[PDB]
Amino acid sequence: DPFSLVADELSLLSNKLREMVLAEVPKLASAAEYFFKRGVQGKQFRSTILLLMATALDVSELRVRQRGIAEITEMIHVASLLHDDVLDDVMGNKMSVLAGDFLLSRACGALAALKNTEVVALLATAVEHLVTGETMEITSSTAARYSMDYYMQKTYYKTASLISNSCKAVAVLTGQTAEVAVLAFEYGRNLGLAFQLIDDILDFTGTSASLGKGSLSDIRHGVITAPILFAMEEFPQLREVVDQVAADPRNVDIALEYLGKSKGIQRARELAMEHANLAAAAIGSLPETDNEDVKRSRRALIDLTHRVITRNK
């Protein structure tokens, strides 16, 4: 019973080798050092929109609660990021689960503190859609992965639902009408779709900080985005190239050549502009005001619908 024969010494060792616990329990301090350092924390794009929207609607404790929704939204965003990191593929995805749950529980806590069940419903739906989108991203009929309509549903759940429902939440907290609320929702929904679509293009285009030659992150990892989906309508031969990207990694470069002879990038950007225009229409349709701060915010919101398209970063 070999293990039984040397238990004495095993425990001396097992004990000693708890030098990694104890000593080195701090020097989590790396964790704190790493968090500050990151490359962000965030650009605060969702927060910017939400604070602007709060101002952009005619109506302190209210401004405190409105910011409450920007706070909740960030909490919900990071929790979804973390849970999406939970790997099936040492594994660190116990950290992601615990941290995600702390943020979600804090979100619930803060939703409860708003004392508005209608906004609770909106962020509840937001959470459900994020979860739905991620399931869609992971599981999928091979056929499904190649449908532009499916991609756009998935894109809506993953990227636009959180922001649309938050924009609507800000409307509802501010006591706006059902018809104004549906405007703020539509601003977020449409701006969000545009933002993601521009993100998809930037992966292939690159950036000024980029080489400047796209990182190609999506296509390396078999994530199929709008430009490539559009390019497959033109070149059916491309379906085969994209499939064989893992098997043979030079199929990335070949995919790139197809895209460059196609209207894929153009068609994704034209779709983004269509969405961004619709967002600016939503602000345009907002009830007339005389307030200068309010009108300044609405101009900003509309400005954001232009800057989202022309992003080089």
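Numbers follow the displayed sequence, beginning with 1.
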Checklist entry - Does the entry skip any residues of the deposited sequence between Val59 and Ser60, and if so, is it 1 to 3, 4 to 9, or 10 or more, or none at all? => result 10 or more
Checklist entry - Is there a break between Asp89 and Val90, and how many deposited residues does it span: none, 1 to 3, 4 to 9, or 10 or more? => result 10 or more
Checklist outcome for this item: Of 253 to 261 and 24 to 32, the stretch with the higher mean C-alpha B-factor in the deposited entry is 24 to 32
Checklist entry - 270 to 278 versus 284 to 292: which one carries the higher mean Cα B factor per the record? => result 284 to 292
Next on the checklist: So if I compare the CA B-factors in the entry for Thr139, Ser80, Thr205, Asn190, which one is the largest?
Outcome noted: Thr139
Checklist entry - Lowest, middle or highest third of the chain for the C-alpha temperature factor of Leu50? => result lowest
Checklist outcome for this item: Entry-reported C-alpha B-factor of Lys154 relative to its chain, by third, is middle
Checklist entry - Lowest, middle or highest third: where is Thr125 by C-alpha B factor in its chain? => result lowest
Checklist outcome for this item: Chain-relative C-alpha B factor for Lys213 (record values, thirds): the middle
Next on the checklist: Lowest, middle or highest third: which one holds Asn93 when the chain's residues are ordered by CA B-factor from the entry?
Outcome noted: highest
